[PDB]
């Protein structure tokens, strides 16, 4: 039930027990609340989608023991409850795009993919750095001052980190950067980066790296040539010091060139 003009709140009768409902879409309606009595009615729900509705704010804790994909993107949520996701120990993909969020409360450890781009995040919340299995993370278009180094993060399967359009100053990779070895994508476009760390060669499994639109950046480090798996490296609006106009725009050629620079340079 999507894109209809349903509102302001959907309340269900407790005498209706629907244990066979395993998807529930309510996006783009005129909802102004999470549907009441969602626990005892839809007892085993997999993927709840309340995108696009005009939700004022969460007050009651979910109780869905079987939730797997929660979605609250494009809403007017500003403050999230400290406990509204503690009774959902199977949540995997949580999305809260286009909101007014400021702080992320305690999340179940089974959360793997988490996408919270465009809200009002001033710094990475302490409750997101401690997820044991955090595969993907997207915090683009926030205002992140400094993301912590790899030693502070606890997850090991980190395989995507999106932080474009953020006021990040200095990428820290000195301390135990071998943790991030499995990172398969990393974006830092439109940031205040001054210099790419030389230890970037340790993140040997990168396939895409977007460091474009960083005017303060001048030149790539040599050791970057060891990232033989890269196939996408946009350089749009990047006044690079070392000349690569003769190379052109191919990424693998750039990486091979830097690789040759490693062995001997004159």
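No Cβ is skipped: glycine too gets one built from the backbone with ideal geometry, and neighbour counts run over all protein chains shown. Since every read-out is calculated from the coordinates, none of them should be taken as a lab result.
Take every pair of alpha-carbon atoms less than 8 Å apart whose residues are at least six positions apart; their mean separation over the length of the stretch 123-195 yields a relative contact order of 33 percent. The slack in the chain from residue 47 to residue 1, taken as 0.36 nm per residue of separation less the alpha-carbon distance, amounts to 15.2 nm.
Ordering 176-184, 199-207 by mean Cβ neighbour count within 10 Å, with the highest value first, yields 199-207, 176-184. Label reach from residue 215 (point 7 Å along Cα→C-beta): in the stretch 151-174, no amide nitrogen lies under 11 Å. Largest first, the extents of the alpha carbon coordinates of the stretch 110-266 on the three principal axes equal 49, 27, 23 Å. In degrees from 0 to 90, rounded to the nearest 10, what is the angle of the helix 251-263 Cα long axis to the longest principal axis of the chain? Helix 251-263 sits roughly 50 degrees off the main axis of the chain.
For the stretch 180-248, the alpha carbon positions stretch 30, 26, 19 Å along the principal axes, listed from largest to smallest. Rg over Rh for the stretch 1-151 works out to 0.97, using Cα positions for both radii and the Kirkwood form for Rh. The simple Förster model, with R0 at 51 Å and r as the Cβ-Cβ distance, assigns residue 87 and residue 266 a FRET efficiency of 0.20.
Defining a contact as two alpha carbons under 8 Å apart and six or more residues distant in sequence, what relative contact order in percent does the chain show? Provide the component values of the computation, followed by the final result.
Numbers: 718 pairs, mean separation 23.2, N = 266.
Relative contact order, the chain: 9 percent.
Tell me, what are the semi-axes, in whole angstrom and largest first, of the equivalent ellipsoid of the chain as set by the roots of 5 times the Cα gyration tensor eigenvalues?
Working: eigenvalues 363, 64, 49 Å².
Semi-axes from the Cα gyration tensor: 43, 18, 16 Å.
With a cut-off of 13 Å on the backbone N, the residues of the stretch 145-175 near the modelled label site 7 Å out from residue 123 along Cα-Cβ are 145-149.
Ignoring solvent entirely, what values of log10 I(q)/I(0) come out of the Debye formula for the stretch 58-147 at 0.20 Å⁻¹ when each Cα is a single scatterer? Summing over Cα pairs of the stretch 58-147 leads to -0.95.
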